[PDB]
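**Q** Can you keep this structure in mind? I'll have questions shortly.
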RNA sequence: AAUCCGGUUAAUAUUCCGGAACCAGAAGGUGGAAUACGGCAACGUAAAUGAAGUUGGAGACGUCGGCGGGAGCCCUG
């Protein structure tokens, strides 16, 4: 549930939330790994003048679930927890891309609900650099 | 291998990730299993003639398979004698499409 | 000069109008080199099997200009 | 000029193209990694993936500089937030 | 007693994981390393000697006078 | 930015001939994907939106000495 940022790889400068920690070590990742789901495409600044389809398109966000090491991650004071974000992270979802795709779809749906509710605004807004 | 390094044909039947594909060692048929719970069965005749390209067309689309945790058909096996497909699901149920 | 090891691709290349002529050169190693000159590249296929070369020559498109060993 | 041997057993001096210099990082100045080292005109035909890395600011700065820039921005943001709270 | 992880990777590994109980970042250490150590110390209430071994990252104290 | 070989004259060749490529620019057409990706990582793939505005690299760089790699000439079986 702790908000984390990725400073390495393609998803550089992307905020993520630790759905399941693998810091205890794993055969796949012999390091302080952590399978987390973050936001790659932050929702655009939706304007009330825009249409309902226009608002949803701007508010659409692309999530991303990946496993990264603790060194590659960066802890943050802020933290967000979701009921649907607990228990849905497992090796089976990572192993099965269809399970991963459904996991990505569910995570985006939860994030879209969070963005629609106005929660996690700092996480929802992309960070500058 | 005799046509090109690029695939001779492409298919995207599965609504989910294409888990595995199996071609019968004897029967001129191929099967593809995916996590979508739908298994596609195709009949393909391959001729040794240079001008005779492989004619592969779909034959059936198996359905009515339970999907658990976004996982459907996982392992598909073809019978050594006839065109019978043994598909094992995520629920421990094995369907033998004779 | 791009040597091609796919017999079906060579037949497809001959099927397309990009091919201009095809020359079958008989080498000392008894390997038939089917060299077809296209607009942008020279397609050469070397077949050691005489029967396969004979089948390839028989199955070649009629529009293609079959050439003997120069 | 480069001297070569012709198939007609003739010695031919052929012009040699200048070796291309790999692009340098914007911040550090060190040559970039993962890209071809050819002339500016020759590298044009390469695709975007073959010309730019799959990372933020890829193709213009090194990855180590990118991590340093990200860390520096985070430290500056924390300092600015603390300064704003104190004020 | 308090074996030091002074360096670049050893100091970061000890500090980030919280292994380094006491940190003595010398003036020669990079400011980013000092700032990251300060951020890590703030997140875990660690001891930062901050000496005026680039960064003495002691895993423990034991017989240390600190 | 982008071309070599062999041959050819009374006097010509990277120009001519025969054969084989490369560059730039141009449209539409086909097919492929498209409604980008994996690895802690450096990095990689057939594709994989980017206006105004901002930044960088190459081009585009002083001189000498020694060493390594290769090529050719020469030497030698």
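Values in this text are rule-based calculations from the coordinates and carry no lab data. Cβ sites come from the backbone with ideal geometry, for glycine too, and all protein chains shown count toward neighbours.
**Q** Note down the nm distance, to one decimal, between modelled labels 7 Å out along Cα→Cβ at residue D:33 and at residue E:66.
**A** According to this spin-label approximation, the distance is 3.3 nm.
**Q** At a threshold of 8 angstrom on Cα-Cα distance, excluding pairs fewer than six apart, so keeping six or more, what relative contact order does the range A:15-115 reach in percent?
**A** Here the relative contact order equals 28 percent.
**Q** Looking only at other chains, what is the average number of their beta-carbon atoms within 10 angstrom of each beta-carbon in A:74-84?
**A** For peptide A:74-84, the averaged partner shielding equals 1.
**Q** Which whole-number percent gives the relative contact order of chain D, counting Cα pairs below 8 Å spaced six or more residues apart?
**A** After rounding, I find 20 percent.
**Q** Could you tell me the center-to-center distance, by alpha carbons, between the range E:1-21 and the range E:31-53 in angstrom?
**A** Between the Cα centre of the range E:1-21 and that of the range E:31-53, the gap is 11 Å.
**Q** Related question: Normalised by the residues of chain B, what does the relative contact order come to in percent, with Cα pairs under 8 Å and at least six apart?
**A** Relative contact order for chain B comes out at 22 percent.
**Q** Mind ordering E:35-46, D:43-54 by average Cβ neighbours within 10 Å, highest first?
**A** Highest mean packing first, the order is E:35-46, D:43-54.
**Q** Another question about this same structure. Could you work out the mean count of beta carbons from other protein chains within 10 Å of each residue's beta carbon in B:10-20?
**A** Working: counts 0, 0, 0, 0, 1, 1, 6, 7, 2, 3, 0.
So the per-residue partner count for this stretch is 2.
**Q** Moving on to the next point. Just to confirm my numbers, what's the Cα centroid distance between the range A:67-118 and the range D:3-77 in Å?
**A** Each part reduced to its Cα centre gives a spacing of 37 Å.
**Q** Can you tell me which of A:12, A:52, A:91 moves the most in a GNM of chain A? Springs connect C-alpha atoms under 10 Å apart.
**A** A:52
**Q** Another question, if that's okay. Measure off 7 Å from each Cα along the Cα-to-Cβ vector at residue A:116 and residue C:30, then give the distance between these two points in nanometres to one decimal.
**A** The answer from the label model is 7.7 nm.
**Q** Sticking with this structure for a sec: With a/c under 1.5 counting as rounded, go ahead and sort the protein assembly as shown into rounded, prolate or oblate using the C-alpha gyration tensor (a ≥ b ≥ c being the square roots of the eigenvalues; past the cut-off, prolate if a/b is larger than b/c, else oblate).
**A** The shape class here is oblate.
**Q** Please check: in the Gaussian network model of chain A (C-alpha springs, under 10 Å), which one of A:66, A:86, A:27 has the largest mean-square fluctuation.
**A** Checking each option, the largest mean-square fluctuation is seen for A:27.
**Q** Follow-up. Taking the alpha-carbon centroid of each part, what is the distance from the range A:4-49 to the range C:32-70 in angstrom?
**A** Cα centres, the range A:4-49 to the range C:32-70: 57 Å.
**Q** What FRET efficiency comes out for residue D:2 versus residue A:27 if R0 is 45 angstrom and r is the Cβ-Cβ distance? Round to the nearest 0.05.
**A** Between residue D:2 and residue A:27 the formula returns 0.25.
**Q** What residue among B:85, B:50, B:59 shows peak mean-square fluctuation when chain B is described by a Gaussian network model with Cα springs under 10 Å?
**A** Highest fluctuation of the listed residues: B:50.
**Q** Using a 10 Å cut-off on Cβ atoms, rank the peptides C:49-55, E:22-28 from the highest mean neighbour count down.
**A** In descending order of packing, they fall as E:22-28, C:49-55.
**Q** What spacing in nm lies between the two simple spin-label points modelled at residue E:32 and residue B:93, each 7 Å away from Cα in the Cβ direction?
**A** Rounded to a tenth, the inter-label distance reads 5.6 nm.
**Q** Oh, and also: Residues of B:32-45, mean number of Cβ from any other protein chain within 10 Å of their own Cβ, rounded to a whole number? The partial results should precede the final answer.
**A** Numbers: counts 0, 0, 1, 6, 1, 1, 0, 0, 0, 0, 0, 0, 0, 0.
Partner-chain Cβ atoms within 10 Å, mean over residues of B:32-45: 1.
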